[PDB]
Amino acid sequence: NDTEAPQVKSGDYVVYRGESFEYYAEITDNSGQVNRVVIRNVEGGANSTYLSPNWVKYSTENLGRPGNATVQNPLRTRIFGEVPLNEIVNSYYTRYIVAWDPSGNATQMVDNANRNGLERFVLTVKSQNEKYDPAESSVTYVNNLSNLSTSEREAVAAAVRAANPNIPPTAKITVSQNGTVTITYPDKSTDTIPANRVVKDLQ
Ligand SMILES: CC(=O)N[C@@H]1[C@@H](O[C@@H]2O[C@@H](C)[C@@H](O)[C@@H](O)[C@@H]2O)[C@H](O[C@@H]2O[C@H](CO)[C@H](O)[C@H](O)[C@H]2O)[C@@H](COS(=O)(=O)O)O[C@H]1O
Ligand code: NA
Ligand code: NA
């Protein structure tokens, strides 16, 4: 005889093509113990467990144990996966977390955007470039801004790389004849650094 069901707090899970992700949901019951956590699409039934895409994974530690879902020490569900590079972008998936208390109460699924962040969350897939924000590097002084030579293009690409070590090693850095930088990430998405922040002349 428990009357309330476990409550969930999740978040805004933005994931990126080519990159791994890892988010956590916090679960608390009035009983202080939660015995089961399921993450699923709205389709199904009560015991449905279908979740798509298949690359979305979840895990929970310390299930079914007194006080593992208290306000002082919330139950935490790890939501993680690896987005493949061939995933469409424009794309988001609305999902549900269901938790179970010892008396059997299950989190109620409510199909409404007003629940996003709680037991309902959105997993938004974005392009790789949306994960990084390349930093303005060393200014590279060149002879002429309208005609960067090959070596000046290579020097600007090496300086951008030196300022941005977080950026995927496989990302390609190219510089044009007027000095604009193009960062092509592994999923072929693109970031571009203006020529006036990385290149200068004395004319
Ligand atoms: C109203 C209802 O029970 N229908 C379910 C659909 O959900 C409803 O339409 C959605 C477009 C969306 O507006 C939602 O708010 C509304 O409840 C459900 O569609 C799926 O809903 C997801 C979240 O609940 C999400 O928005 C998905 O985009 C949307 O496709 C359909 C589809 O599921 S299916 O039958 O399994 O394929 O289920 C209806 O029951
Ligand atoms: Na659906
Ligand atoms: Na970026």
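Residues numbered from 1 in each chain as written, not as in the entry; some residues may be left out. Chains lettered and ligands numbered in written order. Heavy atoms only, no water. Residues with missing side-chain atoms left out of burial classes, pairs and counts.

### Some points on the domain arrangement of the protein chain
Stage number 1. What the domain assignment reports for the protein chain is domain 1 (1–133) and domain 2 (134–203).
Stage number 2. One C-alpha centre belongs to domain 1, the other to domain 2, and the line joining them spans 40 Å.
Stage number 3. Every contact between the two is made by 8 residues of domain 1 and, on the other side, 12 residues of domain 2.
Stage number 4. Overall, the association of domain 1 and domain 2 removes approximately 740 Å² of surface from exposure, summing both partners, and the carbon and sulfur fraction of that is 57%.
Stage number 5. Counting the surface domain 1 buries against domain 2, the share from its top three residues, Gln-128, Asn-129 and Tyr-132, is 64%.
Stage number 6. Run the count over domain 1 and domain 2 and you get 1 salt bridge.
Stage number 7. The closest approach of N and O atoms between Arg-17 and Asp-187, which form a salt bridge, is 3.0 Å.
Stage number 8. For the pair domain 1 and domain 2, the number of links is 4 residue pairs in polar contact.
Stage number 9. When the residues that make up the side of domain 1 that touches domain 2 are grouped by side-chain class, the tally is 2 nonpolar, 3 polar and 3 charged. (Domains from an automatic or database assignment. Contact = heavy atoms within 4.5 Å. Buried area = accessible area lost by both parts, 1.4 Å probe. Salt bridge = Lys/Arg side-chain N within 4 Å of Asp/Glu carboxyl O. Polar contact = N/O pair within 3.5 Å; in protein donor to acceptor, adjacent residues only side chain to side chain. Nonpolar A, V, L, I, M, F, W, Y, C, P; charged D, E, K, R; others polar.)

### Structural notes on unusual backbone geometry
Stage number 1. In this structure, the amide linkage connecting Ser-52 to the following residue, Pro-53, adopts the cis form with an omega of -10 degrees.
Stage number 2. Positionally, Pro-53 belongs in the loop between β4 (36–40) and β5 (56–60).
Stage number 3. Residue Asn-62 is not a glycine yet carries a positive backbone phi of 70 degrees.
Stage number 4. Among the secondary structure elements, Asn-62 is positioned in the loop between β5 and β6 (75–82).
Stage number 5. Here the phi dihedral of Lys-188 falls at roughly 70 degrees; this positive angle occurs in a residue that is not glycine.
Stage number 6. Considering the arrangement of structural elements, one finds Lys-188 in the loop between β11 (181–184) and β12 (190–193).
Stage number 7. By relative accessible area, which is 67% here, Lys-188 ends up exposed. (Helix = DSSP H or I, 4+ residues; strand = E, 2+ residues; numbered from the N terminus. Buried < 20%, exposed > 50% of the residue type's maximum accessible area, 1.4 Å probe, protein only.)

### Here's the deal with the pattern of salt bridges
Stage number 1. In this structure the tally under the stated criterion is 6 salt bridges.
Stage number 2. One salt bridge in this structure joins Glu-22 and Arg-78, with 2.7 Å as the shortest N-O distance. Pair noted here: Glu-22 is in strand β3 (residues 20–28) and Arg-78 is in strand β6, with a separation of 56 residues, a long-range link.
Stage number 3. Two residues, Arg-120 and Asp-111, come together in a salt bridge whose shortest N-O distance is 3.3 Å.
Stage number 4. Since its relative accessible area comes to 9%, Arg-120 is described here as buried.
Stage number 5. Residue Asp-111 is classed as exposed on the basis of its relative accessible area, which comes to 54%.

### Focus on the site of ligand 1
Stage number 1. Within the structure, ligand 1 sits among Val-42, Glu-43, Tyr-96, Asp-111 and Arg-120.
Stage number 2. Contacts to ligand 1 include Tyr-96, whose side-chain N or O atom sits 2.8 Å from an oxygen atom.
Stage number 3. A distance of 2.3 Å is found between an oxygen atom of ligand 1 and a side-chain nitrogen or oxygen belonging to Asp-111.
Stage number 4. When the free accessible area of ligand 1 is taken as 670 Å², the share hidden by the protein chains comes to 30%.
Stage number 5. For the shell around ligand 1, the class distribution of residues is 2 nonpolar, no polar and 3 charged. (Near = heavy atom within 4 Å. Areas by Shrake-Rupley, 256 points an atom, 1.4 Å probe, with all protein chains shown as cover.)

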